[PDB]
Structure formats: structure tokens, C-alpha cells
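K.L.:
Chains as they are written, first to last, in the working numbering: chain A, 4 to 241; chain C, 488 to 727; chain R, 661 to 856; chain P, -6 to 197; chain E, 3 to 200; chain F, -17 to 215; chain L, 58 to 279; chain V, 30 to 251.
For each residue, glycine too, the CB sits at the ideal point set by N, CA and C.
The structure that follows is given in the form of C-alpha cells.
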Ligand SMILES: [Mg+2]
Ligand SMILES: [Mg+2]
Ligand SMILES: [Mg+2]
Ligand SMILES: [Mg+2]
Ligand SMILES: [Mg+2]
Ligand SMILES: [Mg+2]
Ligand SMILES: [Mg+2]
């Protein structure tokens, strides 16, 4: 209860905050290419009265940085905005476009500050940033509400975390490298959908999903149509 | 569970649920995205014979191209509209070009957003439906107390939302190519009547507005007058 | 100082010199007076150095930020942004600045935000220290829209004569082609325009 | 309409083989009218020395301001302020007031208690640092001082000789400057011991 | 400008200060004391800008008296003059400086010796054997340089000063309407009121 | 304080039996230069008002924005916005004036001379000046800066007083007002040939008669002038 | 640089009749050597049987009046429509006027009405605040052409009883309103004849214990 | 005040004299107009001395803080943008013109900023009073692609130009070099053309020539 230390120093509002990130109910996964990066998220559209265009958990922050978030849409659109502008203000104030790993710092920084000074309740969302910067290439860093980020060679956010995970882990103990060997994104994409389908004991149509790709400085969201064609691709080859 | 900022043992903000709970309790509002432009309608409830008709408007325009309506706590609605009014007019002065409906929602979503962050403030007690046009077509969204909103083919809140919902459901399939600008109105006129059957012992007054490059001419005009009447009668026949 | 921007059938192209003078001396006879704010939106700076430079920087910022949320912005949507900056501060600013941009829909537009802040959509505009002698040519020798190469000459000769009678403006020529195709970076060395 | 030139005064310093020296006149007066002949432009903070020319109140205010700060330094750091360090400071200090500048001309000099290296510096009213290895001059007769020093400085003098040189340098330039004089004083800084001397001069 | 003199002697200090007050043309009061005792043994004569003058003095006065009852112990001439200089130092770079010059005479009881501090409006202080702000020095400084001796009795000083005056009268353009003279010593302050009949 | 950059010249106007008129050429000068041959100096507000602005274009464009932006603002929550409750000329001006004053009172004005014209819902004529200094006045005739010295004269031959308005036919008004417009072009360096006139009659309404030329001029006699005193041949 | 002030001619006039009061002032309006409007009222009723006028610089003028007419209104709201005794109004104006001391209202203002006894009363104002209870004051351009006259006619200045040698000054007597308005019109005509900034028309507000009357008389359009 | 900068096939070099004036007087015979912003980015600055220094100190100070936090490396334009955003925020009141130059994990860089906020770029830039002589030298002896040797030789011979034909500049030469893969070498006084010749007589005085009135042994610590 409230934002100041427990008897075992663990102020739960931060802890509670987490369940809510998860609670949304969507699964987000991400992996590195070789000259590209990719994230998978599900696109469950219940109400037959909405419009799938307006739905999404992935947005174009920068010309090259995209973001996915397993978390409640209102709080996300916020984080989206601030971040979206921090980079905007950055390029201006410093001469060069802001990289993945950094945004995630002021971002975690920000969520830490809130938390400690009490100027608002933490947002209940986990942000997963992606891109490729010409200093560390395929970059992937994640941030949580307890104001904190780190690095992933490929990650996942969702109700079923460790499952999506373990698969990749096993696929990694064998592929032995710390990323996905392959030149084309289409091909990598195929790979992830693959590793997710296998991971849910579930199948997806051409609208049941949501995916994004980070290239050599030209990040773009995968749309309804192009999305299906990868299912075509990965049907026989399986 | 009693403060606005706080979270429940498994991540939940109760004050917002009750916010929602009050949104339902009020009158019913709807809206529909058609060929080009949109159509809205609300439920003014005549509680006595001492109410001047054609008077207390619940629907409001923004700029000169955005329709807008809601339900729940009436003053909350009004308040929210003002902020939306500044934001719009400020933007306009800045970029010259009338404000894109897509972003507009956020500007508002972001403002409704805040009132879920601090304990010293009260969550917005209204669900809001709206839309308008631009260059790349007409749009229509619906904002709730949580601040979460989206784009719908038609929306509904307040008391009987299902009535109009399943009602909106049909239209989709028989007219999977957008309903006629004209028919849109008269159809809305009906969808309301049907959903009113709770305040049935108590008479009422229906209000309608719309947008369309062909009909309104890019603008938002109040459906009043002749088209207004027949649109009622139209509803009055199917009302059996 | 000597700039301008002209519209035609495939869009619009803007060009200017390279000469910048502090007193009767040449500070940097190789200036990139043409500046980019957005991919299909650029501008040519006139008058004050330091001022014009900074304005752009700010604008570039607003737009590159606009897009990240409101999609890609118009050419008119861009002018207004300079309107504000120029206006508000008319007292500590010296700027002739001409803006130009293209969009498939409305073709390419040309707007001039002269000193004071007054904005204008013209067929083509011309500002800068030596604009004063091409009021004769330009207006008279102007057919409504032309061809890619056909237009490149208006630019070429308008610019040529301006060097011939105005020392404060000179150096090389530089054009920027904004079209459906995309951006094309031109450059016409001396011994050329003089010959004409 | 120059402030620096209202009160008068000069200060000069030189570096000898293993020591330093710094002297100043004594006169203080509003333009023509001479007022004091017991006004000293040189003080110190432990083992560090500062000579300041220019506008009188500003001089005083500075001394106070520096005594203040050095006391506070030596306290939290349990060690007296070092020369090179002081310089960098008085430097910044002058600048903090870069738009309401203090009309002065400081000159620092001392002996570093670790390396044992002689030190001298000079600055303009805003804190620009003039590192030198021979001599520093500031004040009314700046130009007359450079004329002396340029002839007389000899790399590495013996303290007993350096005294005689600097004394004469100061002393003589002071007579061709109408706004400085009425006595002078010279200090000689050795590793340990320090000798203060007042000299006899024209009193006009 | 006006006349402000002061001279430190044996076991006392003496302050002279003209009496007239002028408004462009006419002369209003001509029996005006430009003095203000700060504490039982400290005193301050002053001359300066019309309003700036009398305000500042009283203000300084206030602070002191305050300090002196708060502590119950009296403040030393040395330290006093230090503070006055402090205040003017700021004053000079204030949005509006108090344009005022002063002389401060006091008897330091611990040293059992008399101290005299001259201070201009720029915040320029100096302990002196004697002084005078403004044009007042030019006409007199010589006679003082001449006859002054540190050992002079209280009377010796008056005579001297008296002579300085006779001169100021003789060669000064302005009519200062005479002078009020005052002495600070181990006994405190008293006024040589007799300088009219003397 | 500030200085004017681009300049609109005059704006003439007068009243008549039914309504009022207001003309103003389409030239925006940059000192002695004419960098803009076709620019609008008449913003009609609503359909019972128009505003002839004369001075700085940069400033004039700002106002425009205030009007459109005020207009769109009247709508907001008020159904009668096209009939009962809707901007009268008297209003706008009142608000306009208000502004011009705050401005001079804030030592930073809008370099402009302005005329507000139209007709009141109840049928009355409205014509009132208002300039950067926040000064105003009604009169049967009104002209900005350059106008008033040269136009007003002729306009006063049609209406020496208030007791002539009733008998001032809409056509007599026009032609005269245009003869004036020919004259403004005959002796004024800051003036243009193209222009925009507008009428607001209580019967017909608003009639924005944009872009016209100034015709019929006696120049022939030019040929007869030679020298300046002696030069005969 | 920018010059924030200007002069629009005009001349106003106030006479305190025994039991009435007049505030007259012409209708011309000027700029340089040009005309602005043949008819433009500078004298107003502000309610509570109180007339005002401020001549000098139009804008500062009408703004003061406006700013005042409002300050009257508000006086009623807070004191239950208590009437504003003329004396009161003036003390009030002083402040208004003095509010803008270091950026004054470039105008000579005057008011007239009745006191708490029924006697006429006029009040002349400084451009920043000094007010005087005058029984007769002309302000404006022509000022110096009319004041000398009223001096004479209204107060019989320099006029003695014949045959008394010059020992008996002619006694003052109070003139009916008719009598006053005759003087007033003559004053203005004379003034128009010899002053360019003055002519056209004359609007007079007459205050009496039952209202405000307005009468107009045309001057020369010289 | 006389400085330049020229980039070659694998880097860039800036040089500046060592004389600081003061009206007609020479204040410092040995000053370093070459300051370090960061290991690879350095500056040379003319005009108002105290301004030029303090400013780089400031910027160098921040850029360090930046790189640390970002864990990456100092980009040249970062420094440029920092400078001119602050630099112009004080509309001219900080006379400092300079040739900013260094190397970042993306190339060799060279720019010139004026005291108002103006920034330029070319292959060679000169700022200072003798900016003309050293300009004329580089405008006849410059060819694309010069080497560590070609370029160096030039830069130093440009500086030399000012040192001789322009008054406001003199003494020795200062140089600094940044290579696209290699370090940075600070060469204080790569040259020493001006050196005072050995004096004529020996001016050392015979001990006891100066008259002393008093003497003692002043105090220091507690
Ligand atoms: Mg809270
Ligand atoms: Mg040329
Ligand atoms: Mg000097
Ligand atoms: Mg001397
Ligand atoms: Mg009363
Ligand atoms: Mg006349
Ligand atoms: Mg030289």
C-alpha cells in the first residue's frame, strides 16, 4: 500500500504494477536478424464493431526505432508519446539520431524518478524497443514499470513468457550463436512466427497477428496483406 | 481500493471501474461512420412537460468539422470538450490545416489519461463518441474513463448499448460497403428508439447531427428541420 | 545572397549561389544555402546567416516530430511553421527565406516568407541580395510550367545575370530537384553560366 | 570614462631560481588628489599570494571574497589551497560576474608545497589566464613595466639579486606613471622563509 | 558638494561639517547637522546626494543600535566601518546606488585608542589620521600635511582645524555658513557648541 | 515599437440609401518595390460584414486569422448561429478596436488602418475607422491613409452630410466611388490597377465584386506637352 | 521609433449655472491637415445625472469614459444602486487617471452635474489627476480664445460701475440657462472664425434636477 | 588572433600562433589558442580570449558527461550543435569565432563557427585578424587529397603567413593532429621562428642599490 518501503524494502505498488502489464492478454516476442530485427505480438480483435487499422501494440517512434509493449493501451500511448518526443528533442539538441539502448535509459530513468519522488503512479506497461544502430547493429532492449532496462538477444513479454522463451533458448544452445543466422527479413519473420506457433499449440490467420521489422535505418510496421504472404511462405517448407 | 492512483493486489484501478459504472448508468449515445462523413445521435430525456423542446443540446461541434457526443456525467463531458476545443484551435493557429481526427483523439485521450495518474483528481466520468472528415476520409472513435479509445464502424454507450450494438452488427453485413449518407441518418433515428425502451414510461426527445463532403460539405451540421422529421417517421414505422 | 524556387510539371526545383559576404570580403564562397527540413520539403535561406541557420534547425525539429504522430505533413503545413517563428520575433530577425515542397496530390508548392513574416504562395519566388535585376527577366520570360530540363534554364540564366551585377552574391550554382522521382543534387560550375 | 584608471596603482611579479617576488606601489587617490600611502595591493591565503590592481572597492571586496573561500577550502580539505588550483578558481570567479565585471587586474604567485615549483599568473577583469615563466605586470603603468621587465628579467636569479632587479623595475616605471607611487613594498618568497621590505622613493 | 572634515589626534577624534542646505538657488536651513551618532562612542558625518544622504545614515544607525542591545556588547569602530563599506559595496552595483560619502569617527575601547575611517560612495575605505570628502581636501590637505602631529592635544586639533576653516572661507566660492564641530573620546560624544562664539 | 515591411495603400468607403460600399486595390508594396501584384485586402466576415485593411500585410494576415478564428468560435454551442445569434458588424469592430488598443497600450501595435462595413440585422448602415493607435470615428465617407486626403473630397460632393444618405442611389454611389478609384491611380505611387470592390445592401446582401480594371483615361493630351518652359520643338 | 500619442483637436466647455450645469463641446475630428468626420460626439451622459467629456487624444479619451461608465455601473452593484454624488465621481476619476501615471491618458477631461444641495458643479481635470471645483472652464485647442471672454462676460472681469470712478466693480448676478447658452454659442463661433481645428457643429448637454437635455446648433464648415 | 584548419586523406589539422595582444601591447608571448574539447575533438579560437576558453571548458565538460552516460563516443557535430545553440542564445554578446575540429566513429570533421551562431564547412577554414594572409596562402597551394605531410606542411606555412604580414599575431606555432584511426598529438610549438637575439649588455644590478626603509618576516599558518 502507497509508494514508500515495506518492512523488507520492496514497496509492492511497483510489484503490483507488473501483473497489470501482463493482464492485457497478448504475447510479444522479438529476435535479431543479421541486418534487421523482428518482433511478434498477437492481434486479438474481439468486438466485431471495431476497426483493425486502429488496433496495434507497436508504434513508429523514430525513423528507425519502433516499439512494442505488452500492456494496457491508455498507459502505452503515454509512454509512446514522451519517448517519441525525447528522441525528437535529442536529434535537435545533439546533431545525431538517438539509438535504441539510450532511449531505454532515460526511459527507465524516467520511470525510476517517478517512483522515488512520487509525482505520479507508475505506468503498468513493459516497453520493448527495437532497431539497428551503426554502433551496435541489431539492438534489443526492454524496460519495465519498476524503472529498469537491460539487453536481450531476443525477448518476450506476455501471459505465457517462459514457454516462448525456453524454445528459443533450446534453439540457441544448438544454433550456438547469439542471434539468427539468415540474410532476408522475410525469412527471419517466417522463423519467429514458426517458433511462436510451435510455442502456443495455436494457429494464426492473416489478421490474428501483429509484427514489425527494423532494417538498415528505415523501420516499418508489417501490414495486413504482406503479413499473410509469410504464412504462405512458411507452410510447405515446414 | 478507495484512492484514484493506487493499484489492486493484482494490478487494478477500481475508481476507473466505477467511473465506467457511472458512464453506463446515464443516457445512451451512438455514432456511425458511413460513405463519407459520420452521423451521431443522443437521448435527451423529457422528465416533465416544462422542458422547452429543441433546446438543451447534448451534442457539440469542435472547430467546424467535428461532431461530438457522450453520456454519463454531463458536466464532465462539457469540461472535456473545452480542452478539446483549445487544443484544436491552438493547433489550427500553428499548422494552419484543420486538425486530423486521428490525432485529436489522442490529445483528448492523453488528457483523460492524466486523470488516472494522481489521487488528488477525479477520473473522467463519461464515454465519448465522435468523428469528422479531412483529406484521408472520415473517422469515428469512442473514449472511455480509462482513457483507452479506438476506431469503430459505429459506437455506443450509456444505458442500453447492446440494443444499438447488435443493431449496429447487422448493418455491417448487409451494407459491407458503408451505408448511404442519407439512409445513415434515418437509420440512426431508428436505432435510438429501439434502445430507449427502459425509460419507456418517460417520453423523450431525439437529437441528431452529421458530417459529409457531399451532404454537409466537409462540415458538421445539426440534423434539424425537414430531413429530421422523416428520419423520425422512418423510425416510427419500423417501430412495430 | 541570391535564391529562389520554381514550380513546374513534375513539381518544383529551388536553386541559389554559394557566396556569403562579411563586408566586402568573402567568408565562405561555397555555401549550401539550400536546406532540408523534410524529405520532400526544403528551403533556401536569405539575409542573416546565424538567424536563418537556427530557424531551420528548430523547424526541422517540429516536423521530424510532427510526422512521428500525425503522419507526413503538407507543404502549407510547413510554411505556417516558419510564419510563427518569423513573425513573433520580427525584431531580432533578418530573414528573406523562401520555402518549397512537393506532394504527389497538390504537386509542388512555392511559398515565400519575406521579412516581416508575410507569407505567399506564388508560381515561383526570388529573394536575396541580388534579386533586384531579375524582375525584368523572370516575369517576362516566364511560361506557365515547363519541363525538367526546360526549367533548369530559367534557374540557370536568372542566376547567371544576378552574379554579373551583384558582387554580394556569386560563387557556384546549386540546384535541388524535388520530384515524384525524388531528390536530385545539381551543381553548375562558373565557366558555364558566364559563357551565356 | 575608464574605471580602472581612477584609483591608480601597479603590481609586478617575477620568478627566480627556486623562489618568487612580487611588489606594488602604495598610492591610492581619486584621479588627481592623492589620498593614501599605506594602501597595500598584496595579501595572501596561507602560502599563496595575490596582487590586485584596478578599482579600489573592487580590490577590497575581492580580498575579502578570497580570504573567505580559502578558509572554507582548507577546512573541508584539511590542507591549504594550492597555487595552480587558486588560479583556476579566481579565474572562474571573475567570470561568474562576466556581465557586471569587476574592474581589476590580478596577479597570483607562489611556491607549490609538493613539486616545489615557482608559480605566476595574470588576468584580465573577466578571468583570462596569462601563464608566464618570467614576469607579470598589471595596473596603470602596464606599458612602462613591460619596458623595464623586458630589459631586466634574467632567467633564474638568486633571491638576493632578483629582489634588486624587481625593485628597480617597479620603482623606475612608477616614476613615469603619474598615477602610481607614494612608496612601495616587495616580498621575497622562499621555500620556507619570506621577507617583506618597504623601499624609499619620490613622494610626488 | 558640502564640507566634511575629520581629524584623529591624541585620545580623541574631531568632526567638522558645514551647516548650510541648498535647493538650486535659495538656501533653506543653514543650521543643519550632517551628523548621526551610531553608538555611544561611534559617530558618522556625511555628505552626498540630497535624498540618498539622510536615509542611508539612519538605516546604518538602525542596524548598529540593534546589534548593540541584542548583544549588549558594543561594536568596534574598525568592524563598524567594515560593515558600512559592505553595504555601499553592494549599493554601487544595485539597481540604484545611494550616492553618499562618509567619515566615521570612534574610540576603540579595547585598544583605548581613537580610529578614523574615510569612505566614499563607491565603497572605498581607509583608516586615516585625518580626511575630507570632495573638494574639501584640496583646500586643506596641505595645512594638515604641514602642522599635524599624532601627539596633539584635543585643543591643538581645534586650532589647526580652525585654521583650515579660515582658509576654506577665504578661497572657496561657496558660502558654507560655518561649521558644527564634535568630539569623540573615552568619555563619549559632546559638541563644541562654542564654535559660534569661537 | 517596430516598423512596417509590406504595405497596403488606401481603402475608400461610403454609405447610401440601402447599404454601403468599400474598395481597395490589390497591391502589397515592399518599400518602393511592388513584389506582389495580386493580394487580397478585403475580408468579408459572415455575410453582413467586410474589412478593408491598410498597412502591414504581415499584421493584416494575423487579423484575418483572428476573424476566421473568432467566427468559428461564435458557432460553438449556439444553434441560432446563422440567424438570431450571429456576428453583427458592430460586434467584430468593437472587439477589433479593443485589441488594437491593448496593443498600443503594450508598446507594440499592428501597423494598420481599418474600416468595418456592413448592415445591422435591424437594417442599419455601419461604417467605422480604427487604426493601430486604437482611434475610431463614423462618417458618411471614409478612406485610409492615402485615401482621405484625395478620395474623401469627391465622396463628399455626393454626400456633404448625413441628410443625403436617404437619397444616395446604389449606382450613383458606385460610379462615383470608382471615379475616385481612377483618381487614386492617377496620382499615388503606392497604388495598383487591379482591385476588389464589395457591396452590402440590406436587400440584395453581400456582393464581392473581385478583380477589375480601371478604365477610361484621358492621356491623349500628353502629346501636346513639350519641355518645361522654353523647349518648343 | 513608434509614437503612441496623437491630437484630434476638439474644444469642450463647462459652466456651473446656479442650479444647472452645461457641458458643451463641438463635433469636429482631425488629423494633421485632414478631416475625419463632420459629426463625432465627445460629450456623454453616464447615468446618475452626470455628464462627461475628455478632449485631447480620442483613444485615451473614449477609453477613459468607457472605463468610467463601467466603474459607475459597478458602484451600484456593491452599494445597492446608491446614486454617485458628483463629488464622489471625481475623487474616483482621479484614481483611474492616476492609475496610468507613468503612461498617462493624453487628455484634459471635464465633468459637470449637481451637488448634494442642488447647486450646479463643474470639475476640471489634469491629464494625470489634479481636480478642481471650477464654476467655469474651457479646455481644448481654442481654450485660450474663450476663457478670456467668459472671464469678462461671466465674471464681469475688469468691468466697473460707471460714475463710481473705478471704485465700484460691477456686481455678479446669476444668469438663467437661456442666458448662458447664448454666451456659449457666441464663444464657439468666434472661436471657429479664428481657429482652424474648430468648426462644424456644437452639441450641448444640459444638466438639471430631472435629467439631461441635448440641443445642437450647427457651426461653419470653414 | 590568426588560425586555420585543413583536413587530409585520413584526418584533420588545426594550428594557431602564440601571441595575444591588448590594443598595441603584447600580453603573452606564449599562449595556447588550441584547447581540448575531448580527446579527439579540439578547437582553436580567436576574438575575445576569456570567452573562447570558458566556453570550450563548458562544452568539453558536458560532452564528457554525455559520452559517459551514452557509453558510446563523442561525435563532432554534437560539439558543434552544443556550441552554436548556446553561443547564439546570447545574440553576439560573446565574441568567439572558432575552428572546431576532430574525429568521430564515422569520419574526420572540420567546421567554423562565428560569434553569432553562424557555422560553415569546407576543407580549410581560417579565423582571426590575419585570416586574409593565411587565406590567400591556402587558396593557391590547396589540392584535394593531401597527406599527413602535405597538409601539415601547408597549415603551418599558412600560419606563418599571418605571423609575418599581420601585426595582430606572432611568436611561435601551435599544432594538433587527429588521424582517422590513430590518436591525437599535441605539438606545442612545432616551430620557433621568432626568438629574441642575445642582448647587448648585462643588466644585473650590484646588491644593495635599492634603498630600504623597513623589513621583517611576515606570517603564514596557524
Ligand atoms: Mg499519487
Ligand atoms: Mg557576383
Ligand atoms: Mg595597464
Ligand atoms: Mg610618479
Ligand atoms: Mg456620495
Ligand atoms: Mg477647411
Ligand atoms: Mg606580425
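(1) Between which two residues does the beta strand (DSSP E) carrying residue 176 of chain A extend?
(2) Please compile the residues from chain V whose C-beta is within a distance smaller than 9 Å of the C-beta of residue 189 of chain P.
(3) Hey, out of A:42, A:17, A:221, A:18, whose CA is closest to residue 143 of chain A's CA?
(4) Below 8 Å on the Cβ atoms is my contact criterion, and I expect residue 185 of chain E with residue 27 of chain E to pass it. Report the Cβ-Cβ distance as a whole number of Å.
(5) What residues of chain A sit near residue 655 of chain C, judged by a beta carbon separation below 7 Å?
(6) Under 8 Å by Cβ, that's how I've got residue 151 of chain A and residue 202 of chain A pegged, so tell me the actual separation to the nearest angstrom.
(7) Between which two residues does the alpha helix (DSSP H) holding residue 718 of chain C run?
(8) Per DSSP, what kind of secondary structure is residue 66 of chain L in: helix, strand or coil?
(9) Could you check the C-alpha separation between residue 189 of chain E and residue 43 of chain E for me, to the nearest Å?
(10) Check whether the Cβ of residue 235 of chain L lies closer than 8 Å to any Cβ atom in chain F.
(11) According to DSSP, is residue 76 of chain L helix, strand or coil?
(12) Looking only at C-alpha atoms, which of P:109, P:58, P:65 sits nearest to residue 183 of chain P?
(13) Using beta carbons (cut-off 8 Å, strictly below), is residue 61 of chain L in contact with chain F?
(14) Taking only beta carbons into account, state which residues of the segment 65 to 93 of chain A come closer than 9 Å to chain R, listed in chain order.
(15) With C-beta atoms as the reference, is residue 125 of chain E less than 8 Å away from residue 80 of chain P?
(16) Can you tell me whether residue 284 of chain L sits near ligand 5, meaning its C-beta is under 7 Å from at least one heavy atom of the ligand?
(17) How would you list, in chain order, the residues of chain P whose beta-carbon sits under 7 Å from the beta-carbon of residue 78 of chain V?
(18) Taking residue 115 of chain P and residue 125 of chain P to be in contact with their CB atoms under 8 Å, please state how far apart those CB atoms are, rounded to whole angstroms.
(19) Alpha carbon to alpha carbon, what distance is there between residue 822 of chain R and residue 796 of chain R?
(20) Is residue 237 of chain V near ligand 4, going by C-beta to nearest heavy atom under 7 Å?
(21) Between which two residues does the alpha helix (DSSP H) holding residue 682 of chain C run?
(22) Could you list the residues in the segment 41 to 61 of chain F with a C-beta less than 9 Å from some C-beta on chain R, going in chain order?
(23) Could you check how far apart the C-beta atoms of residue 290 of chain V and residue 98 of chain A are, in whole angstroms? I think they sit under 8 Å.
(24) Classify residue 198 of chain F: buried if its beta carbon has 16 or more other beta carbons within 10 angstroms, exposed otherwise.
(25) Assuming residue 67 of chain A and residue 222 of chain A are in contact, meaning their beta carbons sit under 8 Å apart, how far apart are those beta carbons, in whole angstroms?
(26) Considering residue 218 of chain V, what are the terminal residues of the beta strand (DSSP E) in which it resides?
(27) Kindly identify the DSSP beta-bridge partner or partners of residue 67 of chain V.
(28) Can you give me the start and stop residues for the alpha helix (DSSP H) that residue 208 of chain V sits inside?
(29) By DSSP's criteria, residue 113 of chain L is part of a beta bridge. Which residues make up the other side?
(30) Closer than 6 Å is what we want: which residues have a beta carbon that near any heavy atom of ligand 2? List them in chain order.
(31) For residue 501 of chain C, collect the residues of the same chain with a Cβ closer than 6 Å to its Cβ; drop the 5 residues on either side in sequence, then sort them by chain order.
(32) Short check: CB of residue 79 of chain E to CB of residue 110 of chain E, under 8 Å?
P.N.:
Let me lay it out:
(1) Unbroken run through residue 176 of chain A is the alpha helix (DSSP H), 164 to 178; no beta strand (DSSP E).
(2) 243, 244, 245, 246, 247
(3) A:42
(4) That belief does not hold up - the Cβ atoms of residue 185 of chain E and residue 27 of chain E are roughly 35 Å apart, past 8 Å.
(5) 52
(6) Their Cβ separation, rounded to whole angstroms, is 26 Å, which puts residue 151 of chain A and residue 202 of chain A out of contact at 8 Å.
(7) 713 to 725
(8) coil
(9) 8 Å
(10) no
(11) coil
(12) P:109
(13) yes
(14) 65, 66, 83, 84, 87, 88, 90, 91, 92
(15) no
(16) What is shown of chain L runs 58 to 279, which leaves residue 284 of chain L out entirely.
(17) 121
(18) 7 Å
(19) 12 Å
(20) no
(21) 668 to 683
(22) 41, 42, 43, 44
(23) No information on residue 290 of chain V is available, as it lies outside the stretch 30 to 251 that chain V covers here.
(24) exposed
(25) 5 Å
(26) 213 to 220
(27) V:70
(28) Per DSSP, residue 208 of chain V belongs to no alpha helix (DSSP H); it is in the beta strand (DSSP E), 202 to 208.
(29) L:164
(30) R:823, R:826, R:827, R:829, R:830
(31) 488
(32) yes
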